[PDB]
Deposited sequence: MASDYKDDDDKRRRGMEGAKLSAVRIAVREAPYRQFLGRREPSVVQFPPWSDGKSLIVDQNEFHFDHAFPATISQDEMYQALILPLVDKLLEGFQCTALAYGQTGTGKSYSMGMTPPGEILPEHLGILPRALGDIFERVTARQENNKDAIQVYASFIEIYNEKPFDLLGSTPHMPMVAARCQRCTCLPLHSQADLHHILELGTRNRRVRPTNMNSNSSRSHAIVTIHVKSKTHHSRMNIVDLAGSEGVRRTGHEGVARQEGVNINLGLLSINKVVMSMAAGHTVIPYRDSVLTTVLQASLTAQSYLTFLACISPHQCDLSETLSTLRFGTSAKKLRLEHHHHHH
């Protein structure tokens, strides 16, 4: 069995001549860069607001998460392309309403839907949040008592989950987790939706720079492998090829959802970096086949 859906989106960062061109005639899921043509499920130009991007890219997942399916939204790309901004990895309180990312918007749609069905349901739903960090291929629980001690054979599930009852709680753990953060640092804030009989996760991954100057994008590449392995039942999925695919092992299963947000720079000087990001995207779309 394979994933329910693997979606790929691209978002252009604010300009400061853009190498990113959105054809005057297109399905709106295409873009051209350096004479090459890329086709994805979404192509957000720099003028698209947080709200629009969330409504189109994540909102749909809230329903799957609620029906019990594991969901992952992963942002990757060159440093400074709006990844952390996009996933809303900064404390909500200090951020203006229009600039709030996916994290706080998703938590709100979750609460609203849980409260709108707390009377008519199969059984009460509990909501928690975990904050993990991968530093130099080593998982760190930023919400635990030892936010500086690697994990092993127990990082997937074992990871302090703090209760969530309001945006205030999300702010707290986002503030806490941040203060516990010390050449690549990826963040994974998982919104856990637990019930007596079901546990579904919404993994919001905010990877570190993909630029250069096992490599640096072992996580990313490892995901593609893992994906292609499920579409053909290789009997042995390479979940351990990287900490990233290990920590997200319970979410990289059949019927689970995965979405990539490729953030790119519109600047000429980042041409090579922007192309790498786009190329990987294409591969992810290719492996995304058969699903």
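*Asks:* Comparing the deposited sequence against the modelled residues, what ranges come up empty for C-alpha?
*Replies:* 1-18, 35-41, 208-217, 249-261, 340-344 are the stretches of the deposited chain that have no C-alpha coordinates in the structure.
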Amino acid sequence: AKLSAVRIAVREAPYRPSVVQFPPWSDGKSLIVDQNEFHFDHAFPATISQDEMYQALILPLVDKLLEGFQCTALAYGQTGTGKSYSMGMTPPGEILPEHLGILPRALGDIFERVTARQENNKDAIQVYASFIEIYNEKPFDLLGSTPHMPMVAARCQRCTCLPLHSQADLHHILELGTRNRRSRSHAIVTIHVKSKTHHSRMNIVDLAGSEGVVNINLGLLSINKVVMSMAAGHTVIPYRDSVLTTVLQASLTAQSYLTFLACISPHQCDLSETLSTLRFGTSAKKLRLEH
From here on, numbers count along this sequence of modelled residues.
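*Asks:* According to the deposited model, is the average Cα temperature factor higher in 99-107 or in 191-199?
*Replies:* Between 99-107 and 191-199, it is 191-199.
*Asks:* Look up the CA B-factors in the entry and say which stretch, 116-124 or 139-147, has the higher mean.
*Replies:* Taking the mean C-alpha B-factor of 139-147 and of 116-124, the larger value falls to 116-124.
*Asks:* Choose from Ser86, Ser210, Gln157, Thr81 the residue with the greatest Cα B-factor as stated in the PDB record.
*Replies:* In this record, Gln157 carries the highest C-alpha B-factor of the candidates.
*Asks:* Reading the B-factor column of the entry, which of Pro60, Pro238, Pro266, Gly28 has the highest value at its C-alpha atom?
*Replies:* By C-alpha B-factor in the record, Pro238 ranks first.
*Asks:* Where does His42 sit by CA temperature factor within its chain: lowest, middle or highest third?
*Replies:* CA B-factor rank for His42: lowest third.
*Asks:* When the modelled residues of the chain are sorted by Cα temperature factor, does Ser283 land in the lowest, middle or highest third?
*Replies:* Middle third by C-alpha B-factor.
*Asks:* Would you mind checking where the Cα B-factor of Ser18 ranks among the modelled residues of its chain, as the lowest, middle or highest third?
*Replies:* For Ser18, whose C-alpha B-factor we compare with every modelled residue in the chain, the answer is the highest third.
*Asks:* Which third of the chain does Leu248 land in by C-alpha B-factor: lowest, middle or highest?
*Replies:* Middle third.
*Asks:* Can you tell me which third, lowest, middle or highest, the CA B-factor of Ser229 falls into for its chain?
*Replies:* For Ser229, the deposited C-alpha B-factor lands in the highest third.
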